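Working notes for the structure below.
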Number of protein chains: 2
Amino acid sequence: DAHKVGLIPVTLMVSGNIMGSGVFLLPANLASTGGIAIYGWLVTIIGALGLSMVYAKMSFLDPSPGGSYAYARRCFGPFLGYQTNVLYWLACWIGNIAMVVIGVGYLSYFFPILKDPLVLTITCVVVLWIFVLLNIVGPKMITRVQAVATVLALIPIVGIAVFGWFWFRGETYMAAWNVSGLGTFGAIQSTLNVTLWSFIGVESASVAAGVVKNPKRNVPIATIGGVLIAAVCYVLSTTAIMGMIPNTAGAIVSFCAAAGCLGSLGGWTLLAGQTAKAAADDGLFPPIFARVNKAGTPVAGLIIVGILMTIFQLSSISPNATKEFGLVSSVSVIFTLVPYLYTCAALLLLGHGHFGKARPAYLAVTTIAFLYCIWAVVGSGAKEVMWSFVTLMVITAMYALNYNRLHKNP
Amino acid sequence: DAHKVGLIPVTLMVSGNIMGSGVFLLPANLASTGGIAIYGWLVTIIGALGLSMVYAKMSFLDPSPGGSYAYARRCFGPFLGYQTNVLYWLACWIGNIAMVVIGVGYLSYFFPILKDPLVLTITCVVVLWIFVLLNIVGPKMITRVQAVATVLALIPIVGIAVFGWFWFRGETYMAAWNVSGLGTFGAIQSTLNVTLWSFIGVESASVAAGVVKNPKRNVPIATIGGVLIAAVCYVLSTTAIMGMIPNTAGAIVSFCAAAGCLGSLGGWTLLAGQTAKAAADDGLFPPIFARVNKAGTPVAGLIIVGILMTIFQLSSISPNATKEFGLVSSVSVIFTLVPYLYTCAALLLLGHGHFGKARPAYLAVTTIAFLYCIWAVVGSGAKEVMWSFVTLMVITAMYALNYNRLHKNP
């Protein structure tokens, strides 16, 4: 198959959905800290790379076509995996509405603007279907969108990596040094708590399956590529941290950031159609989507995701926490963790005896992945989390929509 | 079998674990409200009776011998059910330490006393093993303890039901009327939020199985008996609500309350040994307990529960929230919900097509049970709930202790 994309724009997708709509804000987020504190990066990147490794050698096997639910079919995988879906896709199109309220806030000036009245919302609303239709064109086309746009948002960051390496200069960062944070013991927390729940994305590769070239080779290479990429991106970019704290070619840096939300948005609508029109086939949901107009792609799928997406775009217009951490926009963050959980549960529930040799080695990386996934939700908002769990209780008993499973019957 | 108890002291067990260590405090808990507000009772009792009905017609089938995990073997039932255990048992012996810090605070005077220094703790510590050994004697003996002691704590409440019906008098309650609460719309919340998470217990019957007479008949009758009992107990007792708000034979009323924690404590250590030395056999945990010295009963089991119970009795001595809602003593409240959840999931996952006729009827009661269970955790402490969920993530990835399940393998 050649109408089914490949590594080159896949790793870019995978990377650029972590990159991605949070880097041009990351330094800011550890400015109110607590700043550098590079340690925070050390540990969050080590454990996250572990998570990407998990995903790598799992899609190394059954990709999938999901994934991150594919493997849920085998912590169980009915109930638990059909759940894992609801709560991930329902955190797939939801996290999108978040993505536009910021992505267009990134073009809040520089032509248009406007961008303050009802115009902000009317444009995020039409900016979404942009990518919905650009998925009805794909999937090979939406990945073509992401490739160009994120290598656009790569200009800024990568530019500061080496070029920023030649500018500043120098011992200024040494001047600001650590401190501000309330000491090393927990000081890290002030950084981890914003480099962690913001490494979210490694899934996209083992979630493309159904439209990557060769899964068993390209996809594992995809996540590991994506993670090492965004990772050094993160470090070299936010090590450009001299002393400031207050929060010509400037226009390019402001355009290239929104251009990350140019590719991202497509990417996540994509992930939205995938891990759902997937558990359409491996069983139930229910669907509906389907219906997969000939040549792949969920025609009903992404269109339906459009309706679900737009409906919330016009009532979170608007209050819901006017920015990040919105009791709805953040919870959907937590949601995307469970599938991190069962996955790693699976890269061992399906190495029952490992169709691969040397145990302890894989045995660590998965444990590490478990800290990372457990820690980055252990240390987060108290209304938000209880919330996820409320959704778990409700996802569950919303399987009355489901009286036909089986196992260990009577 | 006749060394295996029967309905007569079983329903008393089942009832007196909800009764039970919260009634002589219940009116107090809706005094700071918001008081009567009898509605709160209306809705909490209707949905709870639904929950008991759920449990009734489930143990009507497979009892079990668990239960409330028995049936988990069939939302899955490996991982999910072995979980459902950890999080219920670890909420079974934990809820106990809570039970003694109050049950002896109930004899904080009237002989002994003391009851304020290190003596409070040294006595709760030895008061626990009391029931641990009185379970090593049972299980028919511990139920004999609960029967006598709760029909002792029945004297107070039931006495006010009819006798209290002849005393006051009269329109005083009409004088205090509703109000104080911030209006009907949500006013109920101030009552439901303390009549709900305080109806916990209906499980005990469908959790005795392994030591009730005939399961299929006695156990269903047990929970429904238990619930209607504690229910009218609740209503007729806390309808003795005249106007007061500040918070000879008086000694009897103060003794008879602790005497509820005389029987309760035994009951829950009991439930502790049960839904664990049960998932010892249906599979894994791991155990250990076992080892079931001849004639039933988990000898290693309750003894081990003693060590786990005493260890926390001497470091929650002491701070941990010096009373109810202890971020550990309350969470373990939330924990005892999940098994409520999968249960009701099961009275339909195992009525796949109902080995019983007329669908919609059973179809409601289970839905109602789902509200009750979901609502009473939807509306509770924010650190506590996120906490349960953290335990869910950890229960989970603590099944590395478990690399040998199966289903839909590769």
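Every read-out reported here was derived from the displayed coordinates using simple, explicitly stated rules and does not represent laboratory data. Methodologically, a virtual Cβ is constructed for each residue, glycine included, from the backbone with ideal geometry; neighbour enumeration extends over all protein chains shown.
Is it the case, given these coordinates, that B:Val158 is surrounded by fewer than 16 Cβ atoms within 10 Å (Cβ to Cβ) and either outside any helix (DSSP H, G or I) or of a type in the set (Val, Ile, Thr) (or both)? Here the answer is no, as B:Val158 does not meet what is asked.
Against the numbered list (1) among the small types (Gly, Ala, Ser); (2) outside any helix (DSSP H, G or I); (3) facing chain B (nearest Cβ under 7 Å); (4) crowded, with 20+ Cβ neighbours inside 10 Å, A:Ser329 comes up short only at (3).
The condition (being among the small types (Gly, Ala, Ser) and surrounded by fewer than 22 Cβ atoms within 10 Å (Cβ to Cβ)) is satisfied by just one residue among B:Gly226, B:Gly250: B:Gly250. Output the number of residues of the range A:169-210 satisfying the condition of being loosely packed, with under 14 Cβ neighbours inside 10 Å and part of a loop (DSSP other than H, G, I, E, B). Within the range A:169-210, residues that are loosely packed, with under 14 Cβ neighbours inside 10 Å and part of a loop (DSSP other than H, G, I, E, B) number 7. The single condition among (1) part of a helix (DSSP H, G or I); (2) surrounded by fewer than 18 Cβ atoms within 10 Å (Cβ to Cβ) that A:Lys115 does not meet is (1). So in the range B:52-72, with the set limited to residues that are among the aromatic types (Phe, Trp, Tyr) and surrounded by 22 or more Cβ atoms within 10 Å (Cβ to Cβ), which one is nearest to B:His352 (Cα to Cα)? Here the answer is B:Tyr71.
Taken over the range B:267-313, the criterion of being of a type in the set (D, E, K, R) and over 18 Å from B:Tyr88 (Cα atoms) is satisfied by B:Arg291, B:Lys294. Summed over the range A:356-410, residues that are more than 7 Å from every other protein chain (Cβ to nearest Cβ), of a type in the set (D, E, K, R) and crowded, with 18+ Cβ neighbours inside 10 Å total 1. Considering the conditions (1) farther than 28 Å from A:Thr121 by Cα; (2) in contact with a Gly (Cβ under 7 Å, 6 or more places away or on another chain), A:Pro287 is excluded by exactly one of them, (2). Residue check: B:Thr343 meets all listed conditions (1) closer than 20 Å to B:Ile46 by Cα; (2) away from chain A (no Cβ under 11 Å); (3) of a type outside the set (A, V, I, L, M, F, W, C) but one, namely (2).
Residues that are in contact with a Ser or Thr (Cβ under 7 Å, 6 or more places away or on another chain) and of a type in the set (D, E, K, R) do not occur anywhere in the range A:213-228. From the list A:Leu49, A:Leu42, the one residue that fits, being surrounded by fewer than 18 Cβ atoms within 10 Å (Cβ to Cβ) and closer than 27 Å to A:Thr184 by Cβ, is A:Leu42.
Going by the conditions given, is B:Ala222 within 29 Å of B:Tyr39 (Cβ to Cβ) and either among the β-branched types (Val, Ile, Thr) or touching a helix residue (DSSP H, G or I) at 6+ places or on another chain (Cβ under 9 Å) (or both)?
Against the criterion (within 29 Å of B:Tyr39 (Cβ to Cβ) and either among the β-branched types (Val, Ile, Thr) or touching a helix residue (DSSP H, G or I) at 6+ places or on another chain (Cβ under 9 Å) (or both)), B:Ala222 qualifies.
Here B:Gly266 fulfils each of the conditions (1) farther than 19 Å from B:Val126 by Cβ; (2) surrounded by 15 or more Cβ atoms within 10 Å (Cβ to Cβ) apart from (1). Helices (runs of 4 or more DSSP H) fully within the range B:19-105 that include at least 3 residues being within 23 Å of B:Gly226 (Cα to Cα) and within 14 Å of chain A (Cβ to nearest Cβ): B:39-59. For the range A:290-304, the tally of residues that are surrounded by fewer than 20 Cβ atoms within 10 Å (Cβ to Cβ) and not in a helix (DSSP H, G or I) stands at 7. Within the range A:211-234, not a single residue is assigned to a loop (DSSP other than H, G, I, E, B), farther than 23 Å from A:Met141 by Cα and either over 21 Å from the mean Cα position of the chain (by Cα) or not basic (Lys, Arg) (or both). Cβ-Cβ distances below 8 Å connect the following pairs, each with a first residue in the range A:393-404 that is within 17 Å of B:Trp375 (Cα to Cα), a second residue that is in a loop (DSSP other than H, G, I, E, B), and a separation of six or more residues or different chains: A:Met393/B:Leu337.
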